[PDB]
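One structure is given here, and the rest of the page talks about it.
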Amino acid sequence: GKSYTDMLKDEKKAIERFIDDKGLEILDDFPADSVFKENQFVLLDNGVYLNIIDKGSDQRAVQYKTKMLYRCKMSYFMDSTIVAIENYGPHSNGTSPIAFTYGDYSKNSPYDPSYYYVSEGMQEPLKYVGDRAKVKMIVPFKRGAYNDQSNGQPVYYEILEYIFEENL
Numbered sequence: 000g024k025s026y027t028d029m030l031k032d033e034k035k036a037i038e039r040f041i042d043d044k045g046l047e048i049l050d051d052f053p054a055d056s057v058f059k060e061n062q063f064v065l066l067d068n069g070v071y072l073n074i075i076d077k078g079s080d081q082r083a084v085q086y087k088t089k090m091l092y093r094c095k096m097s098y099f100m101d102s103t104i105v106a107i108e109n110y111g112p113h114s115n116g117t118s119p120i121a122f123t124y125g126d127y128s129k130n131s132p133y134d135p136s137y138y139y140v141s142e143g144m145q146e147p148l149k150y151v152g153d154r155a156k157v158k159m160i161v162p163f164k165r166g167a168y169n170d171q172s173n174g175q176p177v178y179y180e181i182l183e184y185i186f187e188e189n190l
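Reading the sequence shown from the start, the letters are residues 0, 24 to 190 in PDB author numbering.
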């Protein structure tokens, strides 16, 4: 198999290519009021790139407690353009959101949904946004779902909406 080091290298290259190909502007810090332009992403301490489209409510999730649901469009980009999840937007008719509790980790059994659908990266923005918030992200594999950690795959969330289950 490919060394961890080579995996980091292929990903680093794929991300620079992706940023350049889409003409994105990488910030060092949060912009004024957490307002972003369509093409701006802040690079967080843990390695995930974030754009906030909609900041949501003032409420903040509590680790190990808050029950969440999400809808998103998530895609690969390093070796292909395959769409992996599509339960947001016009073509997501009949789909339901995906459930997790804030603080959950991605298990390494391929028969558990968290292996594919939960990650530290998907959850990072919950430090900064609230209910019905919408975000865009590039999540490197170190912070990704176990499925993606194992294959060294970064993912791109074209759009992701958070739903707090307690306010339903």
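Don't be surprised by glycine CBs; every beta carbon is placed ideally from N, CA and C.
For residue i, the three-state DSSP class (helix, strand or coil)
i	result
residue 41	helix
residue 163	helix
residue 56	helix
residue 29	helix
residue 130	coil
residue 148	helix
residue 68	coil
residue 257	Beyond the ends of the chain as shown, which are 0 and 190, falls residue 257; an answer cannot be given.
residue 168	helix
residue 121	strand
residue 156	strand
residue 87	coil
residue 73	strand
Proximal residues to residue i (C-beta, below 6 Å), its chain only, five neighbours per side dropped
i	result
residue 76	155, 156
residue 96	106, 107, 177, 179
residue 40	99
residue 114	108
The beta strand (DSSP E) enclosing residue i, as first and last residue numbers
i	result
residue 62	62-65
residue 188	That residue, residue 188, is in no beta strand (DSSP E); it is neither H nor E in DSSP.
residue 49	47-49
Residue i, enclosing alpha helix (DSSP H) - first and last residue
i	result
residue 141	Unbroken run through residue 141: none, as it is neither H nor E.
residue 110	Premise fails: residue 110 is in no alpha helix (DSSP H) and is neither H nor E.
Best match in the options for proximity to residue i [C-alpha to C-alpha]
i	options	result
residue 126	165, 183, 37, 115	165
residue 60	48, 34, 38, 81	48
residue 172	66, 110, 129	129
residue 50	37, 167, 66	66
residue 168	141, 183, 188, 187	141
residue 54	84, 174, 74	74
residue 110	183, 121, 187, 33	183
7 Å Cβ cutoff met for residue i and residue j
i	j	result
residue 89	residue 117	no
residue 162	residue 0	no
residue 93	residue 119	yes
residue 91	residue 181	no
residue 72	residue 144	no
residue 58	residue 46	no
Cβ neighbours of residue i in the same chain (closer than 7 Å, five flanking residues each side left out)
i	result
residue 131	137
residue 79	152, 153, 154
residue 170	163, 177
Same chain, Cβ closer than 8 Å to residue i, five either side skipped, listed in chain order
i	result
residue 82	148, 149, 152
residue 104	97, 98
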